[PDB]
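Working notes, beginning with the structure itself.
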Amino acid sequence: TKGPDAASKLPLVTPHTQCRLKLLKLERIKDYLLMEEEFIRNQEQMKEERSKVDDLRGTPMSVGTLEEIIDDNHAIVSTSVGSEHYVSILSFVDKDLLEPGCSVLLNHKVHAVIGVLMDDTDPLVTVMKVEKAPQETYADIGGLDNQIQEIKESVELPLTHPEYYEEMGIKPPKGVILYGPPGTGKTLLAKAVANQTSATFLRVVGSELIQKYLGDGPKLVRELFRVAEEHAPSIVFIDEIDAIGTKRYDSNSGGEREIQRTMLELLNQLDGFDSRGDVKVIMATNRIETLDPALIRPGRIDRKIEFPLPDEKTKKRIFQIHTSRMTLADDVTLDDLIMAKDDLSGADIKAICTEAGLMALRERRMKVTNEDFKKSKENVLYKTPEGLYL
Amino acid sequence: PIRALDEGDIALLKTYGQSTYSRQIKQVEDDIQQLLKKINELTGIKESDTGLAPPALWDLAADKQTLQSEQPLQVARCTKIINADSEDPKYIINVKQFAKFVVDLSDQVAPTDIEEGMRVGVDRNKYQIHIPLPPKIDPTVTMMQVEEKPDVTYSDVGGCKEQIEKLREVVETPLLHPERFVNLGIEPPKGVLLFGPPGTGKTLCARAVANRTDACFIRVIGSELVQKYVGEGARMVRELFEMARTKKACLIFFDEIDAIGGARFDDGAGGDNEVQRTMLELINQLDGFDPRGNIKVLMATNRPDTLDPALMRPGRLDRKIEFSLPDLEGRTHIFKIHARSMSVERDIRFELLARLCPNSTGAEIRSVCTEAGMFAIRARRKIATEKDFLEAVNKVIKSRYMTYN
Amino acid sequence: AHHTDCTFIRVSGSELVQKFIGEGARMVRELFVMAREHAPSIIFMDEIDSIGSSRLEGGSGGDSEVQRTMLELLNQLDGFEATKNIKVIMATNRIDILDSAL
Amino acid sequence: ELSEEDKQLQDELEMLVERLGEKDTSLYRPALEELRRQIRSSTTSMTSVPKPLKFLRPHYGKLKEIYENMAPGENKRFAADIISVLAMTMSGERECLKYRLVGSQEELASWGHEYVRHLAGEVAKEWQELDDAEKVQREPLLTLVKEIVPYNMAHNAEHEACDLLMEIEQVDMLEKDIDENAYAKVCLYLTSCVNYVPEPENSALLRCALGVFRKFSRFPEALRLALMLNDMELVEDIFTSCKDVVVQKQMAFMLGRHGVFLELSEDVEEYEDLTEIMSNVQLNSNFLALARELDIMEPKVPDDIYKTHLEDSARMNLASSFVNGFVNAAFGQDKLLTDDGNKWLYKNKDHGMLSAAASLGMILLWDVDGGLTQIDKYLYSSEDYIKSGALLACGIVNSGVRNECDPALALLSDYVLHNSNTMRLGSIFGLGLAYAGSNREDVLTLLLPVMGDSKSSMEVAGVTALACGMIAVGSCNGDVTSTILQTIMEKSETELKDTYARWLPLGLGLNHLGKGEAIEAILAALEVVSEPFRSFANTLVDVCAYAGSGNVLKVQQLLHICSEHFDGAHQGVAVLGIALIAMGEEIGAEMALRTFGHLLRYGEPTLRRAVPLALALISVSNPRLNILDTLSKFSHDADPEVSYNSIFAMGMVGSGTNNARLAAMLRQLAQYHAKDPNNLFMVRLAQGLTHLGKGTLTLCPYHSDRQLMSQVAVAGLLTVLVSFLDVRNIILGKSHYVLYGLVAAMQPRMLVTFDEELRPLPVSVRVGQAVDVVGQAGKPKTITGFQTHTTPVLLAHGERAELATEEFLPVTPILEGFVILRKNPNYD
Amino acid sequence: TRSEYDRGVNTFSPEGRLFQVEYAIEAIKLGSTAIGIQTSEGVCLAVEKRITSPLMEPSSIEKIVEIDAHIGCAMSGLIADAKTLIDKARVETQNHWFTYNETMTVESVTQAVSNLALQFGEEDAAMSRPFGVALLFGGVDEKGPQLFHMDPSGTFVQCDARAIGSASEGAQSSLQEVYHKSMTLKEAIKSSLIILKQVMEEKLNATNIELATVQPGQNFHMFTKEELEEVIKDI
Ligand SMILES: Nc1ncnc2c1ncn2[C@@H]1O[C@H](COP(=O)(O)OP(=O)(O)OP(=O)(O)O)[C@@H](O)[C@H]1O
Ligand SMILES: Nc1ncnc2c1ncn2[C@@H]1O[C@H](COP(=O)(O)OP(=O)(O)OP(=O)(O)O)[C@@H](O)[C@H]1O
Ligand SMILES: [Mg+2]
Ligand SMILES: [Mg+2]
């Protein structure tokens, strides 16, 4: 129960326009930051037994794996080179806190237990934590109201109002899979969750839990969920999970068997024998049909959220959101682009806006226009026989 | 017909359409970012808990505990006493990962309590023995065992009556009532493979077994048995079965054993023969040239068709049990179990809901109940009603049959 | 590459396809870490249809590992923590087969 | 690298400029005409790269020379204008208006709008760099401002005009150019800017927005702004300068929710109805109607909150009394005291009794007659503590309700100056929290005399200070200040080291809450106290002066005080002060949270104890995981006082919220501290706060749109928190009754509607987060995350309500509290 | 494993099962429930009509149809196969009347329909898969009222009371609990409607059900709206 790690983020200046009010808000943020900096400086400018204890502690302390603690002052430790020694335990160590497998600390020369180092989290899993917070609030997601509602009910309401569920003896969904075509808000709705959540967010990509050696992928998955459970509440976002989790066929190769083994370790973590803490999982997928049923099972993935290509009103929302910060001209009616019944993702709409801005800049004009938007729409979109029906 | 922006174009587009506050805003934002960096730099780095005890529990002069009793004895296994040559023992030691040696005792007040393979302690410079040690316990396998009983009983497993009865027989009756089996002269099966579609009560039944049994229960982490260092997985399974034999009555629970070994066909799997080797050692332990003792095995798997026939053979997996999709009565019972704790109306037709959910698993039904509660919540209502349950069924089971009227 | 003053990185062909498991993805991650370090960076990727093309159903007849490499590349191009100053120039000879995700 | 036409234009401009260079002095006028025509044709166009501007860049200096060297005349200024429009692009010595002033003075729109924007910014910049002299140089700039403000008005650039005027420091001319199609988008922008600017500009902007609102007869908004300015003459003018009676009823509701009460003569159309609304005589009935309309009138005993059945000597029973009072607050009904009775007001082991009786008052809150009945049953006791608690209960009952009769005055005045410091110590506090916003002279004339007399302990003197400050919050009442200062000047270093002396400076600050600068006198007439009780008094009065001001300079001074190493209590006051100056603007609050975290880590114990109180004050009845997690990880601290404060701050931050993931923390914390009674009491008190009024009251001192700071609420919060500044003695002991100061703050969290007859109108509303989509410097905020209910309804923190249907028009554009709704004539 | 044994109707599985017949019997469940009750005073049929939306007039969902003047058929399964088998039953009854100048018995007509249904792949009948429809022929003949149930495999058998369709498993239990031989036709109608209301997700009222009866006397009568409302009043 170390506690939530959160992600420090500065306030948001409501007026996106360049005006004095924005200047005042930013100046207030800056002046508070300056006061904090000077306070730290003044603390350190106005500022024995433990020092000698640390001197007695080895200078280049080594890290070794405790194994089969014995007696009350003698334990067997490992040197991380396979060798193991019947070392002694100084009084400095906590005791009643050493457990087998714990990465204790050893004096370099005499090899005596002198520390416990209960923070031996692998770098591969420490990197995949979220310390910043992307500035994609839910107000940057045009439409997707139902999807936002589902994910809020899954990963936000259980933390902000944990009385509704206890009031009817219901466990909220622990798993969500966001599936859809290539670019519809699947990753925005994880960015927004990270931005607006007080829980430890853990980015991951399915193609990252796979490791070169044997038994390392499952070990990494176990470590990832162990840290996600130590820090609680926590959310684990596995983007593009079809990297690992595809159908479990009868393998003939060895790498494929190892990948499936990693997938089974993930399945056991999601819903295994023992239990699961307050760790909530959000997977993302382009092609859900190819995923294994055991993974899509509605005990590991309680909610499945489709992100279809936006309809007309959602498309209008996307254009509004992505042209808000643009000096749109009064000649532009963002309806001609909406009406055309062509596959337009939110990514396609943003690319359309960017290309319209670039067309204006090419024409030497800083204010976009309708012809610019038409040209951008034509030149951004890259990609049944006639008369066969009707 | 598209000019390229010149020096003047860029020098005017940055200076002509411009707010009189744009420069100040940009500078202030940059200052905020730099100040954030500097603040993080100054107060950065916490104090990683090193394990120090609260003061007044320490004992200085432990520098004397470091200078005396200094010997950081390595651990060695006496593999051959060289016959003891009567006198002049000249023991042999097998310091693992380091070397073999021919050594003697030193201040060993009991030169007789040395034995072979007793895991003696040996100095660094002169390798004389100093103190024996108890046998190795392999902490991974030590924690593989289940200590705290999960809070699942044989009453939250609805829709599985025959399977529960078979599992109860094989896993409990030989343990708590051997009299009937010995009377009838039947040796009960030692080994069960629970298989079925993903989510039917396999691991739930394993949890219920763990709760009910009064005997060693060992949940085997399928990932802990795969490692580098070829032979390590086989060694771990060997030690696991050794500890199981040590225990008076043991119940191993290989879960998702599709991880540890399917078909043995290698072809291009030359790099995946280590998993096959540990699976072969598991097979040998399950049934080979040796009695296995009072060890009963559970093996859960969704896909019992990738498994090795040598492992599925009914000398190792003797009581294969199938967790099929529950029938209507089972589905109604699962609804009742899962909605017992829910705040629902007093006239919901769970038989109707079981009818509405065909070819649906117990996990599916749990999801239906959860979504019914969620729909009630999404309307500020405290009591989930039949309408909410029907909406949940529609949302979970499915997500036009006008030819099937 | 000749006319730019930005750090020019170049993958081409199947330089990210490794026989070992989960190595192409790691190489892509290290690539983009290096580009971020030496930003602003331009990453050329010649013949991307080698590393990155229409995905096949995971089975006995599918290059699941190259698919994983491509998925890692997709995540690096646009996932969490968008790139800061890295620009990518992919080159292909037949575009109809590239994954719609790319 | 150009084009043929582009090169030809370059050549034309070169030829014209060269001709200007040649000393013909005969064909200058045609050349200047042609240059001007080209420049304005390019500038007025949509091109963002005006070509004549681009091509005259090299010749800027040559144009300067030609302007200097040509003889005075029409051509002089006719070319100075060209030089100015050119200088719009190249600057550094800020020439554009420097040559516009010596110019042709034509319409300041022919040169596009970019010229206007540049010249407006430059007018501002010239204004700052002008000393108080050079006035003659300042009129010609106001002519440019009168040409710029209308132009910005006509072109949707209202925020540009507002910036220009507030940066020229004359927000007075908007009234000439505002139109009925602009007042909203100008007043909202001014109000947004108010929070972030300092004085005297804060008041200048507030009065400008008030004038704009009064222009178009938007009286309720004008009254909100007039309340932001703690100025009663302006609110009297607004409330009496109106002819529509319903809007006056609504403004009376607003005045009642705020602490103010206007003494109206026998002239208004409905004086008695208005004074009833403004006196909150209908608050109890409306609250009980809301409680009935939600099925909450079912008193819940402390055990229902403790919830110890699932998952009693002397102090946990005091905790039971306090939690019972908090939970069943303003409901009248109870099950422990009300009903059986005489059981949880006895066995409370002496001193705690004084608060247990007060619990009754908090159950019969806003209910004067029922108060009277039940309290009078207990107002006649053989032991002093019961009578003191009953008097305090009368005070609580009359808190927030301005009865025409004065029950509190009579009953509690009989017992002020009583021959016992315990009836005094309940009657004084009852009067203080009964007539808080009143500012009545007849109650101060009875209270001030009791701070000085041989028969008064530091407890009685401090509670009189608290009472007088609460009566006269933010009024600079001379009698209060004089008496408090005399009491501080008439006591030695010892006898001034009791921690009940904190309350004399607290009375001063409360009497000067929000006044700000005007406080120098009291910190200049107070530089004669002993050293240890002068940093405390100085700092406390200073922080009280700037309550909600958001003055970063004062926060900097407080942080300097914190930095100092004193092996010292004024540091604890300074932490609470950093919280107090920054409970307004939202941007200040989060940054203050970062600062408070740093203080918790890089901080001595003295301010370490105070950071939790600051966290409670900055977020009151606003449970957020950022603060609750901070307090929870500090609820296990080794230092008992930091713990105690952290637990109570968890209670406050979640006060009146029924938060489940705070109730769980408090129960787990109750098991963890089961064997420590001094933490068990505080966790029980936090539970009571979390379930305050069973989820129907808020302690936040900010009501209307989160923008009006109720003086009385801040008074109560400061009393309680400053008392916590010494928990171990003030409250974990003798003066645990001071908790009832929170009565001044608890105020319903409901939306209730009426017709134009003071009769309920259940109507449909959408309740949701105070979010927007695009501010665009003036665009209102629109609710996101709708959830449709039918009024009456409870609004949580950050929730606003918008009429789901157009059928009714609210009088005020703020749907919080009591709102009168006119039936729309248009349709629906 | 049922991938080389259920792809054709003429391939036995190692257990000796026709999985395609199993699958047709499963397709039966996708229809709406229908309860038939045989009594000494006649036979009653009551079916859950499953109106998907308005604008589809009720006389297009033919779950209860008339075979001759003395038999009714309550159907569950594919509409097309239902139509085929109903037409066969009607034509067979008329053929028997034409030849022998009498009314075909309910057992005999069910036998003829079953004889049509047997011919899955028998290469001399042309249907290639089992009729995915299950029928309840309730009629009156010289042996008193009778009710017969026929399933896709062609197996038919009399039934003192039966329920087919989606709510078959859950309604036959109720029929077992409530049915006794000495029951009147009004009691049978009331009990059948009670069970239908139990097993329907929609509320029982007026439309969404059909009710019919064949008695020793008046011909097969399908209750109209008036009679349906009268019974539903106090089911
Ligand atoms: N509903 C939306 N609202 C706003 N922006 C959107 C929306 N959908 C997509 N976008 C835009 O799409 C771009 C990124 O999309 P996103 O990362 O959500 O896609 P995705 O579903 O994760 O795609 P992929 O399968 O390729 O990883 C951003 O420009 C984002 O603004
Ligand atoms: N027969 C059942 N009775 C009650 N609950 C059941 C039943 N079957 C499944 N469940 C519910 O489903 C979950 C149990 O799933 P379980 O772990 O048994 O799956 P599994 O069959 O082992 O699946 P997999 O191995 O594919 O992950 C719990 O929510 C349990 O409530
Ligand atoms: Mg994505
Ligand atoms: Mg399982």
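By order in the structure tokens, chains are A, B, ...; within a chain, residues start at 1; ligands start at 1, following the order shown.
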(Q) Please check the contacts: residues of chain A at most 6 Å away from chain C, using only C-alpha atoms, listed as an MDAnalysis selection string. (A) chainID A and resid 182 207 210:212 243 246 255
Go ahead and dump the residues you just picked, N, CA, C and O atoms, as a PDB file, in the first residue's frame.
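Dumped to result14.pdb:
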```
ATOM      1  N   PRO A 182      -8.591   1.822 -37.630  1.00  0.00           N
ATOM      2  CA  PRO A 182      -7.324   2.503 -37.335  1.00  0.00           C
ATOM      3  C   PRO A 182      -7.472   4.003 -37.153  1.00  0.00           C
ATOM      4  O   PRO A 182      -7.353   4.776 -38.108  1.00  0.00           O
ATOM      5  N   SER A 207       3.639  -5.427 -27.813  1.00  0.00           N
ATOM      6  CA  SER A 207       4.910  -5.790 -28.422  1.00  0.00           C
ATOM      7  C   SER A 207       6.100  -5.512 -27.514  1.00  0.00           C
ATOM      8  O   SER A 207       7.241  -5.667 -27.956  1.00  0.00           O
ATOM      9  N   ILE A 210       7.021  -8.911 -24.707  1.00  0.00           N
ATOM     10  CA  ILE A 210       7.761 -10.031 -25.276  1.00  0.00           C
ATOM     11  C   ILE A 210       9.249  -9.782 -25.086  1.00  0.00           C
ATOM     12  O   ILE A 210       9.749  -8.691 -25.382  1.00  0.00           O
ATOM     13  N   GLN A 211       9.961 -10.793 -24.598  1.00  0.00           N
ATOM     14  CA  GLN A 211      11.378 -10.673 -24.301  1.00  0.00           C
ATOM     15  C   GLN A 211      12.160 -11.758 -25.029  1.00  0.00           C
ATOM     16  O   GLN A 211      11.613 -12.779 -25.450  1.00  0.00           O
ATOM     17  N   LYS A 212      13.462 -11.508 -25.168  1.00  0.00           N
ATOM     18  CA  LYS A 212      14.314 -12.362 -25.986  1.00  0.00           C
ATOM     19  C   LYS A 212      14.464 -13.752 -25.383  1.00  0.00           C
ATOM     20  O   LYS A 212      14.326 -14.761 -26.082  1.00  0.00           O
ATOM     21  N   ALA A 243      -0.664  -7.628 -30.387  1.00  0.00           N
ATOM     22  CA  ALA A 243       0.726  -8.058 -30.462  1.00  0.00           C
ATOM     23  C   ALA A 243       0.926  -9.367 -29.711  1.00  0.00           C
ATOM     24  O   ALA A 243       1.574 -10.292 -30.210  1.00  0.00           O
ATOM     25  N   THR A 246      -3.243 -12.791 -29.610  1.00  0.00           N
ATOM     26  CA  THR A 246      -3.870 -13.365 -30.784  1.00  0.00           C
ATOM     27  C   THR A 246      -4.263 -14.813 -30.496  1.00  0.00           C
ATOM     28  O   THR A 246      -3.824 -15.422 -29.519  1.00  0.00           O
ATOM     29  N   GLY A 255       9.479 -19.863 -30.500  1.00  0.00           N
ATOM     30  CA  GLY A 255       9.132 -18.491 -30.186  1.00  0.00           C
ATOM     31  C   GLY A 255       7.637 -18.295 -30.052  1.00  0.00           C
ATOM     32  O   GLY A 255       7.174 -17.566 -29.173  1.00  0.00           O
TER      33      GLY A 255
END
```
Q: Set the cut-off to 8 Å, count only C-alpha atoms and all ligand atoms, and list whatever residues fall near ligand 2 as number ranges by chain.
A: A: 267-268, 271-273, 293-295, 297, 299-300; B: 156-160, 195-205, 255-256, 300-302, 323, 326, 330-331, 333-334, 337-338, 361-367
Could you report the residues within 6 Å of ligand 1, using only C-alpha atoms and all ligand atoms, as a PDB file with N, CA and C atoms, in the first residue's frame?
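That gives us pocket-v6.pdb:
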```pdb
ATOM      1  N   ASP A 140     -11.197  17.400 -25.407  1.00  0.00           N
ATOM      2  CA  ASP A 140     -10.556  17.255 -26.704  1.00  0.00           C
ATOM      3  C   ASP A 140     -11.078  16.054 -27.474  1.00  0.00           C
ATOM      4  N   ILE A 141     -12.084  15.365 -26.946  1.00  0.00           N
ATOM      5  CA  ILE A 141     -12.649  14.174 -27.566  1.00  0.00           C
ATOM      6  C   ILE A 141     -14.043  14.549 -28.051  1.00  0.00           C
ATOM      7  N   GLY A 142     -14.152  14.893 -29.330  1.00  0.00           N
ATOM      8  CA  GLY A 142     -15.452  15.204 -29.898  1.00  0.00           C
ATOM      9  C   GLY A 142     -16.300  13.953 -30.012  1.00  0.00           C
ATOM     10  N   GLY A 143     -17.533  14.028 -29.521  1.00  0.00           N
ATOM     11  CA  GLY A 143     -18.377  12.856 -29.553  1.00  0.00           C
ATOM     12  C   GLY A 143     -17.839  11.772 -28.637  1.00  0.00           C
ATOM     13  N   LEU A 144     -18.098  10.522 -29.011  1.00  0.00           N
ATOM     14  CA  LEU A 144     -17.703   9.380 -28.193  1.00  0.00           C
ATOM     15  C   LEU A 144     -18.275   9.503 -26.785  1.00  0.00           C
ATOM     16  N   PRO A 182      -8.591   1.822 -37.630  1.00  0.00           N
ATOM     17  CA  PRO A 182      -7.324   2.503 -37.335  1.00  0.00           C
ATOM     18  C   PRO A 182      -7.472   4.003 -37.153  1.00  0.00           C
ATOM     19  N   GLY A 183      -7.762   4.411 -35.925  1.00  0.00           N
ATOM     20  CA  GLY A 183      -7.826   5.807 -35.549  1.00  0.00           C
ATOM     21  C   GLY A 183      -9.255   6.252 -35.352  1.00  0.00           C
ATOM     22  N   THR A 184      -9.720   6.193 -34.119  1.00  0.00           N
ATOM     23  CA  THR A 184     -11.060   6.659 -33.802  1.00  0.00           C
ATOM     24  C   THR A 184     -11.169   7.268 -32.415  1.00  0.00           C
ATOM     25  N   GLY A 185     -10.074   7.408 -31.676  1.00  0.00           N
ATOM     26  CA  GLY A 185     -10.114   7.835 -30.294  1.00  0.00           C
ATOM     27  C   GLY A 185      -9.735   6.769 -29.291  1.00  0.00           C
ATOM     28  N   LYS A 186      -9.291   5.596 -29.746  1.00  0.00           N
ATOM     29  CA  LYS A 186      -8.940   4.530 -28.815  1.00  0.00           C
ATOM     30  C   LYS A 186      -7.811   4.957 -27.892  1.00  0.00           C
ATOM     31  N   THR A 187      -6.795   5.625 -28.438  1.00  0.00           N
ATOM     32  CA  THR A 187      -5.681   6.076 -27.615  1.00  0.00           C
ATOM     33  C   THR A 187      -5.964   7.417 -26.953  1.00  0.00           C
ATOM     34  N   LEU A 188      -6.792   8.269 -27.564  1.00  0.00           N
ATOM     35  CA  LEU A 188      -7.204   9.484 -26.870  1.00  0.00           C
ATOM     36  C   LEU A 188      -7.957   9.164 -25.598  1.00  0.00           C
ATOM     37  N   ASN A 286      -7.040  -2.847 -32.878  1.00  0.00           N
ATOM     38  CA  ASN A 286      -7.603  -2.541 -34.182  1.00  0.00           C
ATOM     39  C   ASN A 286      -8.504  -3.665 -34.671  1.00  0.00           C
ATOM     40  N   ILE A 318     -15.676  16.920 -34.228  1.00  0.00           N
ATOM     41  CA  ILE A 318     -14.235  16.805 -34.449  1.00  0.00           C
ATOM     42  C   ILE A 318     -13.708  18.053 -35.142  1.00  0.00           C
ATOM     43  N   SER A 345     -11.964   9.266 -40.126  1.00  0.00           N
ATOM     44  CA  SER A 345     -11.617   9.175 -38.722  1.00  0.00           C
ATOM     45  C   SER A 345     -11.359  10.566 -38.156  1.00  0.00           C
ATOM     46  N   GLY A 346     -11.316  10.649 -36.829  1.00  0.00           N
ATOM     47  CA  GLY A 346     -10.860  11.874 -36.207  1.00  0.00           C
ATOM     48  C   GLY A 346      -9.436  12.206 -36.600  1.00  0.00           C
ATOM     49  N   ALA A 347      -8.604  11.182 -36.785  1.00  0.00           N
ATOM     50  CA  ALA A 347      -7.256  11.410 -37.287  1.00  0.00           C
ATOM     51  C   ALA A 347      -7.290  12.003 -38.688  1.00  0.00           C
ATOM     52  N   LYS A 350      -8.262  15.668 -38.332  1.00  0.00           N
ATOM     53  CA  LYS A 350      -7.146  16.493 -37.880  1.00  0.00           C
ATOM     54  C   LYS A 350      -6.132  16.697 -38.993  1.00  0.00           C
TER      55      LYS A 350
ATOM     56  N   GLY C  79       1.390   7.041 -30.258  1.00  0.00           N
ATOM     57  CA  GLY C  79       0.745   6.401 -29.131  1.00  0.00           C
ATOM     58  C   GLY C  79       0.675   7.374 -27.975  1.00  0.00           C
ATOM     59  N   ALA C 101      -3.189   0.765 -40.518  1.00  0.00           N
ATOM     60  CA  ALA C 101      -2.693   1.430 -39.320  1.00  0.00           C
ATOM     61  C   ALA C 101      -1.502   2.323 -39.641  1.00  0.00           C
TER      62      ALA C 101
END
```
Q) Got a sec to pull out which chain D residues are within 9 Å of chain A, counting only C-alpha atoms, and send them as JSON, numbers by chain? A) {"D": [46, 47, 48, 49, 159, 160, 162, 163, 167, 189, 190, 192, 193, 196, 197, 552, 555, 556, 559, 560, 562, 563, 564, 565, 586, 587, 588, 590, 591, 592, 594, 595, 598, 599, 602, 603, 624, 625, 626, 629, 633, 658, 659, 660, 661, 771, 772, 773, 774, 775, 776, 777, 778, 784, 785]}
Would you save the residues from that selection as a short mmCIF file (atom, residue, chain, number, x, y, z; two decimals), in the first residue's frame, using C-alpha atoms?
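Saved result, again_26.cif, follows:
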```cif
data_model
loop_
_atom_site.label_atom_id
_atom_site.label_comp_id
_atom_site.auth_asym_id
_atom_site.auth_seq_id
_atom_site.Cartn_x
_atom_site.Cartn_y
_atom_site.Cartn_z
CA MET D 46 -6.46 39.52 -46.40
CA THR D 47 -2.81 38.94 -47.29
CA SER D 48 -0.77 38.26 -44.17
CA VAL D 49 2.43 39.26 -46.02
CA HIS D 159 -11.50 41.32 -25.18
CA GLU D 160 -8.98 43.46 -27.06
CA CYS D 162 -11.04 45.38 -22.40
CA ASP D 163 -7.31 44.61 -22.36
CA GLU D 167 -3.89 48.25 -19.27
CA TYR D 189 -14.09 38.85 -19.20
CA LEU D 190 -13.67 41.61 -16.62
CA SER D 192 -12.44 36.58 -14.96
CA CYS D 193 -9.58 39.09 -14.94
CA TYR D 196 -5.81 37.60 -11.02
CA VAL D 197 -5.05 41.35 -10.85
CA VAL D 552 1.18 36.70 -4.56
CA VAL D 555 2.06 34.76 -0.10
CA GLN D 556 5.74 35.40 -0.82
CA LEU D 559 6.74 31.78 2.52
CA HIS D 560 9.68 33.89 3.66
CA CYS D 562 8.09 29.83 6.77
CA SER D 563 11.67 29.60 5.50
CA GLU D 564 13.02 31.15 8.71
CA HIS D 565 14.40 28.71 11.27
CA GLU D 586 -8.52 28.11 -8.80
CA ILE D 587 -5.06 28.42 -10.37
CA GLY D 588 -3.69 29.68 -7.06
CA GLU D 590 -3.37 23.90 -6.97
CA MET D 591 -0.07 25.77 -6.87
CA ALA D 592 -0.58 26.31 -3.15
CA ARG D 594 2.34 21.99 -4.45
CA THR D 595 3.78 24.53 -2.01
CA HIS D 598 7.04 21.01 -0.23
CA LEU D 599 6.36 22.44 3.24
CA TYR D 602 11.12 20.55 3.62
CA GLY D 603 9.61 21.75 6.87
CA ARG D 624 -10.34 15.54 -4.10
CA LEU D 625 -7.96 12.60 -4.30
CA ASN D 626 -4.97 14.95 -4.47
CA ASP D 629 -4.23 11.03 -0.52
CA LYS D 633 -0.33 9.22 3.85
CA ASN D 658 -20.85 11.27 2.47
CA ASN D 659 -17.78 10.20 0.49
CA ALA D 660 -17.46 6.42 0.51
CA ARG D 661 -13.72 6.27 -0.19
CA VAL D 771 -16.75 22.65 -17.62
CA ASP D 772 -16.48 24.64 -20.84
CA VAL D 773 -15.27 23.87 -24.37
CA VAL D 774 -13.64 27.12 -25.54
CA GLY D 775 -13.29 30.20 -23.35
CA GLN D 776 -12.46 32.42 -26.34
CA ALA D 777 -11.98 35.22 -23.78
CA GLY D 778 -15.63 35.76 -22.94
CA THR D 784 -20.66 18.79 -19.74
CA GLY D 785 -21.74 15.46 -18.32
#
```
Q.
What's around residue E:34 at 12 Å? Count only C-alpha atoms, leave out sequence neighbours fewer than 3 positions away in its own chain, and write the answer as a VMD selection string.
A. (chain B and resid 405) or (chain E and resid 28 to 29 31 37 44 to 50 63 to 64 73 to 77 134 to 138 149 161 to 172 175 192 to 193 195 to 197 199 to 200 209 to 212)
Q.
Show me, as a VMD selection string, the residues that have an atom within 12 Å of stretch 386-396 of chain B when counting only C-alpha atoms, minus same-chain residues fewer than 6 positions from it.
A. (chain A and resid 297 to 299 301 to 305) or (chain B and resid 335 339 342 to 358 360 to 361 363 to 379) or (chain E and resid 200 to 203)
Q.
Excluding residue B:317 and its own-chain neighbours fewer than 2 positions away, which residues fall within 9 Å of it when counting only C-alpha atoms? Please give them as a VMD selection string.
A. chain B and resid 189 to 193 286 297 to 299 311 to 315 319 to 320
Q: Enumerate, as a ChimeraX atom specification, the complete set of residues in stretch 46-224 of chain E that a backbone-based DSSP assignment places in helix (DSSP H, G or I).
A: /E:68-70,79-100,106-118,169-178,185-199
